[PDB]
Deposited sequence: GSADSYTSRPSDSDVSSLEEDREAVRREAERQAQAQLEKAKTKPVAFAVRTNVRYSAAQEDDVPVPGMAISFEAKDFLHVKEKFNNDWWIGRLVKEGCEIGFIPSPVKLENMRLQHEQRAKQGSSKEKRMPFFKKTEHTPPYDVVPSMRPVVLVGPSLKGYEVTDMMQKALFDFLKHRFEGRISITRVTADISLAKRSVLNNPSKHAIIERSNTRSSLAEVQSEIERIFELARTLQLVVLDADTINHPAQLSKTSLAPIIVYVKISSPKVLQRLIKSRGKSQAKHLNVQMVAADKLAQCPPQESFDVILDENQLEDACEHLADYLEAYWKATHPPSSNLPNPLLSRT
């Protein structure tokens, strides 16, 4: 009788302490981020340290992790504005749900990929990097972002072929570590990745980039823009055209986060700026 009230007092001191740690974590920095490979819906049976405070997610959601509560539970938040911190199930917790189910029944994809804390921005299109039309249109966008997001942004040139991140292998792995590091302070990261012309080239990496498709809708327009640069550039018209066609054949919702098909620079810039400001709010709660 009076020992059932001792059991309840045990549960709720434990909840009070977990709650306290949760309150404190609000102002702690983000330690790392994950991209989810699975979905999770909180349920009473999961034994949340503070009931009502579990974080539910779908596959391909992003989580900011601040710290560990115990081996079953981390503390963090979904990367979404309005979403404040709560309890995230550890990879051990999620595997033990399966394992528990299997050990009782008898009677390999990790649930998380570690990703940069700020997804880095990679621009692809309108055609091949290394030729003038593509290099100059992208440069104008890089110049815009450096000004609009002064104080909140790191822009970096990546010359290494980081598509090989699924001698060189050393340089590539080094560039991946540097990108993770730039992102750790929660500034916007923007890559000028010289070797990346197609979203598939970064698929197997764990950069989880925001892919920006700078799209010239009309092939005739691109054809004339290239020729407008003269014979040296016009000599390589063919490689540029197929590079552009390949991008246009990508399934959009699967391949791209942002598509800039505006023919005026200011409109393309403001479309991109809107997206990145929304991403900033998602990654920077007022909590």
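Which parts of the deposited sequence have no C-alpha atoms in the model? No coordinates exist for the deposited residues in 1-15, 123-137, 197-215, 337-347, so these stretches are absent from the model.
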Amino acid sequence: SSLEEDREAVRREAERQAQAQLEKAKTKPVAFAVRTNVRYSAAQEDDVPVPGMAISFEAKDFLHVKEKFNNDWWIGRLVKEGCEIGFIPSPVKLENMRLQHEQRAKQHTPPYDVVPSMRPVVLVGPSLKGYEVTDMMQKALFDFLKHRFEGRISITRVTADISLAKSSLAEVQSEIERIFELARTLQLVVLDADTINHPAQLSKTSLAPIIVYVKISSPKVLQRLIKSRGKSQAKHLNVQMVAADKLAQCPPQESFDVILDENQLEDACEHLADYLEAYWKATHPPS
From here on, numbers count along this sequence of modelled residues.
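Higher average CA B factor in the deposited record is what I'm after, so tell me if that's 29-37 or 248-256. The entry gives the higher C-alpha B-factor average to 248-256.
If you average the CA temperature factors as listed in the entry, which stretch comes out higher, 205-213 or 95-103? In the deposited entry, the stretch with the higher C-alpha B-factor mean is 95-103.
Could you check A193, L78, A170, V115 and tell me which one carries the biggest Cα B-factor in the deposited entry? Within the set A193, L78, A170, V115, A170 shows the top C-alpha B-factor.
Modelled-residue ranking by C-alpha temperature factor, third containing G130: According to the entry, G130 has a C-alpha B-factor in the chain's middle third.
Third of the chain, ranked by Cα B-factor, where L272 sits: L272: CA B-factor falls in the lowest third of its chain.
Comparing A200 with the other modelled residues of its chain, is its CA B-factor in the lowest, middle or highest third? As the PDB entry reports it, the C-alpha B-factor of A200 lands in the highest third of its chain.
Ranked by Cα temperature factor within the chain, is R152 in the lowest third, the middle third or the highest third? Lowest third, going by the recorded CA B-factors of the chain.
Modelled-residue ranking by C-alpha temperature factor, third containing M136: It falls in the middle third of the chain.
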